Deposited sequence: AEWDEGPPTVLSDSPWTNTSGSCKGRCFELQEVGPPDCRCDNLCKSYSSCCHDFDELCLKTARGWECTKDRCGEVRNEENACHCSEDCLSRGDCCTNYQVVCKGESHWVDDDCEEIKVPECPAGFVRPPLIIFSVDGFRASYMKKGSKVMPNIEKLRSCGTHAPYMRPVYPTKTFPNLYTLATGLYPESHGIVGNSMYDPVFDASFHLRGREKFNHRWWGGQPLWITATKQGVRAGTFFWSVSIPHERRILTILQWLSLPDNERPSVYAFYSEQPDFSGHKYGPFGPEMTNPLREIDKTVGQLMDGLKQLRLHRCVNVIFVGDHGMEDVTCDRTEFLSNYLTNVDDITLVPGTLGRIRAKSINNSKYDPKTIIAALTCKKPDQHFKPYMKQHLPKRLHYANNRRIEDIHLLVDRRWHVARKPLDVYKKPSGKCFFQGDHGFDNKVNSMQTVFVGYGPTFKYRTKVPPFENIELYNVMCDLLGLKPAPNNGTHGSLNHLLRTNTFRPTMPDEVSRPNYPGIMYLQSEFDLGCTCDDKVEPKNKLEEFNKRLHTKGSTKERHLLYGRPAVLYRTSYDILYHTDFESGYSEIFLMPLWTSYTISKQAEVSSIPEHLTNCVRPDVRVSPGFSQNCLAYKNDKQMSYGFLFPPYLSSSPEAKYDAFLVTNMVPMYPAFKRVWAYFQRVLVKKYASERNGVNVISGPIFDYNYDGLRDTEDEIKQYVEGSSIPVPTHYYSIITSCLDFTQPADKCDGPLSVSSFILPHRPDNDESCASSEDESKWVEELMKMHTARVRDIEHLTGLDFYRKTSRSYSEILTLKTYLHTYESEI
């Protein structure tokens, strides 16, 4: 029938009856008089001097009458223009030590002010362009930037913000995507996106509602202007106790649009940024009118940044592939390739990758099978992610052919790129005051938003506790996980004559080489701790190799060669059974597989100590192509890092992730072995390299904060990824490593290990350390 007294209901009323909620427009379900009653424009969105104390005219957009405050339907500037109040922006900064809410409020409400395409570096423009945002940032808690998820597109990131999940888990892997089981495509434009089957996880509003916390908004019909959205939130905040939501969301599509048209550094970006600020001011003036400006927690968050990208900087797949009419390409700042028709017999991923690899000197993209993408991107474990992927260089596009500028800016690139970085500000009672915090990942906010609302988060990819330092009052205290498998400490048991492995050759440990305690194994397994002069390891009897190998290299330690009488030296480990050892005959028979060592023989403390490096229990399967990467790391780079960081602690080991879910594989999940043998082949090799943040203190006597960098190098039988691999390792290996930079937390998921158990630092601080990522930007 009609929307009278029902404009912006917090309920979708039962079909077939017409709706009056904030989404009715999106479902073509509004009553005939929704536009008339609920979308009033008359006399704008701002009170004027002459309108003060007017008689209520029902048809005004917002009101300047005496009864307006009683209702909560004044314009946002009413008190400023009429009652002589100041704009929120013009008031001094003042610490909110507790929530100052009206009587009935049970929790501080949370409002999420999300902005699209908002680049981290826009905040440098400051008070001159955005005085309201600059106040929020300065007065509350802010980071220099926040890292989005890849791909750095709107919908993957927005739903990542809502769920705490990587796109591969929540299932919104792109703005555009195709699902082979559904046989349907998802797009901005279409009915398909209205089907719940695309949207996985548990967004914050569902978490809120499941636990009796009432949840507003989030998605808004695009036809509803910005000012009306702000007024509706303010109207909802004036509802009675039993009806009023404790969580709201506003979304601005700016400054993405102007970013796309004019580029990120274009002078045309100012008015759009002023427009955002104005909307923020309307919210804050509004809150201050309702006496909620020191009650509500406000998060000002972006989804990703914006880069200079013109259509003249485009790569065409038709310049590489002979039959581009046989494929479908998801184009732009990334690439996803798939067969055009499923029933094409000629289609073949191998030939396509071959044809797109290192062909032109300047080539501005790189092809990957999805499993070989840097593990830090976490973009592979979903049937909607095409097997073939193209990582496009910043500032460039990839298209299928020339007949596939109207745009000077775009985004979507690798989430470590500077231009893709975006904003975070937290303002309110629960956030800290005048506080700067380090950059962090948008996957972490869901937990924080649960904490601000007193909700138990659903399982997600944030590390709960890692952002406790953003908050005045922490409702979550993290605790270390319990160790599952106790290590064994095997003595000297077996004779050398008891081994027919086909191999030929010629105490203080713990406090020196495990600076941060023994890693805890968080699954059922059988492993041995092995002590040596120069290194300690947790040797697996199932996988026949170390789970981890830990050692410390001071700034003044020497790099010695491998003497060539020990070139093929592998020694049986007296402390481990032949039945739980590797054998060298497998390596001999396996024509594609050589081997390497986790503790480097190159950094041995003495000649006698160097022999411990050639034990069968320090040995790990390596492809000759990969041995170029690993040998350059161990020989040159680890010393380099010790010198520059005043010593370094290094924990190295294998990872098995054949089903590319970013999680530790079980035995069955291993799909490759050294031939005719039970030696499992790792998919990647990690290292965690720790030192004292204060570089003046050595690594082994650090009284302050720690400094970490890590990687997860893929274990590849070629170096096709590195187009300069024909050249010397100084030209290419370090770039390859930087691209596969990782967080310690990535390694823990992939290994089922837990590091940094014995430190003199709080566990929240350690959780922050584990989520850190060295980006090399």
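A.B. asks: Go through the deposited sequence from residue 1 and tell me which stretches lack C-alpha coordinates, in order.
C.D. replies: Unobserved in coordinates, per deposited numbering: 1-20, 425-432, 535-553, 825-827.
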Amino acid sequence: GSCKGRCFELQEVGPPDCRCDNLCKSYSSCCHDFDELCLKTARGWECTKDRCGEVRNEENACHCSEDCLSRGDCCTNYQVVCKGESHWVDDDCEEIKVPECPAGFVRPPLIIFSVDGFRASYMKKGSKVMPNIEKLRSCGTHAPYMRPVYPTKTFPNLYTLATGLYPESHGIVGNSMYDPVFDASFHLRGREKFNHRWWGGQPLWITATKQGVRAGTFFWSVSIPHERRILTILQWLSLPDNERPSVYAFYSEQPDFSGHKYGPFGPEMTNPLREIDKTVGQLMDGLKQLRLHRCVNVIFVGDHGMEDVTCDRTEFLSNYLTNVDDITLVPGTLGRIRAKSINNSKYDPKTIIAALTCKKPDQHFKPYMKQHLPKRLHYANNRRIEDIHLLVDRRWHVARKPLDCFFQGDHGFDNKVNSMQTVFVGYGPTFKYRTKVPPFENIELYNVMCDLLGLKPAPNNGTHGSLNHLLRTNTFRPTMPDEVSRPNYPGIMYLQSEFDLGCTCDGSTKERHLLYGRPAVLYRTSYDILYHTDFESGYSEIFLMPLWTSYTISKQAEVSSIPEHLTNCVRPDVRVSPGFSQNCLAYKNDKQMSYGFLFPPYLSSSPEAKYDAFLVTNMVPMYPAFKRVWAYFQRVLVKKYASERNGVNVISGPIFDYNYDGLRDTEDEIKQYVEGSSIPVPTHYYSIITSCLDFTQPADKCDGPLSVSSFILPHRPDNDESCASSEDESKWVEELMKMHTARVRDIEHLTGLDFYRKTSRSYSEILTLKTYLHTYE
From here on, numbers count along this sequence of modelled residues.
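A.B. asks: Mean CA temperature factor from the deposited coordinates, higher in 413-421 or in 475-483?
C.D. replies: Averaged over C-alpha atoms, the B-factors run higher in 475-483.
A.B. asks: Averaging CA B factors per stretch from the PDB record, which one is higher: 225-233 or 345-353?
C.D. replies: Between 345-353 and 225-233, it is 345-353 that shows the higher mean C-alpha B-factor.
A.B. asks: Tell me, please, which of 148, 171, 682, 72 has the highest C-alpha B factor according to the deposited entry?
C.D. replies: Highest C-alpha B-factor among the listed options: 72.
A.B. asks: Can you pull the Cα B-factors for 659, 160, 323, 447 from the entry and say which is highest?
C.D. replies: Spelled out: the listed residue with the top C-alpha B-factor is 323.
A.B. asks: With respect to C-alpha B-factor, does residue 375 fall in the lowest, middle or highest third of the chain as deposited?
C.D. replies: According to the entry, residue 375 has a C-alpha B-factor in the chain's lowest third.
A.B. asks: Using the temperature factors of the C-alpha atoms in this entry, rank residue 302 within its chain: lowest, middle or highest third.
C.D. replies: For residue 302, whose C-alpha B-factor we compare with every modelled residue in the chain, the answer is the lowest third.
A.B. asks: By the recorded C-alpha temperature factor, relative to the other modelled residues in its chain, which third is residue 488 in?
C.D. replies: Top third by C-alpha B-factor.
A.B. asks: Taking the chain's C-alpha temperature factors as the reference, tell me which third residue 746 falls into: lowest, middle or highest.
C.D. replies: According to the entry, residue 746 has a C-alpha B-factor in the chain's lowest third.
A.B. asks: Can you tell me whether residue 457 has a C-alpha B-factor in the lowest, middle or highest third compared with the other modelled residues of the same chain?
C.D. replies: Its C-alpha B-factor, which the entry lists for residue 457, ranks in the lowest third among residues of this chain.
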